[PDB]
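Residue numbers (my numbering), protein chains in the order written: chain G, 4 to 51; chain D, 2 to 49. The C-beta atom is built at its ideal place from N, Cα and C for all residues, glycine as well.
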């Protein structure tokens with residue numbers, strides 16, 4: 004006849020890094036532009 | 002307006018219309034009439 008008793012104490016830590024992307028809208032673009040006038044008259048409300 | 006376009010017989014014959022209209026359509030029998038079509042040149046698929 005045998006009687007046993009065990010006590011176990013455990014500690015742990017974890018680290019997770021992830022990155023996700025949408026393949027249809029992967030990025031957004033910003034174009035820096037300037038308008039030029041090489042004609043004879045001014046233009047108002049310039050809408051290229 | 003014999004041809005049924007937006008311009009009268011006198012306006013067409015006298016040329017007192019938009020100067021970008023072809024001279025053919027200065028004849029009262031020939032309609033001032035744009036024929037506009039669209040062509041596709043390529044197609045881009047974005048899988049989201």
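Inset, instruction - State yes or no: is the beta carbon of residue 49(D) nearer than 8 Å to at least one beta carbon in chain G? - result: yes
Inset, instruction - Taking residue 47(D) as the reference, give the member of 9(G), 26(G), 43(G) with the closest Cα. - result: 26(G)
Inset, instruction - Would you decide whether residue 8(D) is buried or exposed? Buried here means 16 or more other CB atoms lie within 10 Å of its CB. - result: buried
Inset, instruction - Could you please give the first and the last residue of the uninterrupted alpha helix (DSSP H) stretch that includes residue 11(D)? - result: 10-15
Inset, instruction - Compute the distance between the beta-carbons of residue 39(G) and residue 49(G), then report whether it is under 8 Å. - result: no
Legend entry - Under the three-state DSSP convention, the category residue 24(D) falls into: helix
Inset, instruction - Confirm, please, whether the CB-CB distance from residue 33(D) to residue 5(D) is below 8 Å. - result: no
Legend entry - Residues of its chain near residue 18(D), where Cβ-Cβ distance is below 6 Å and the 5 sequence neighbours each way are ignored: 8, 12
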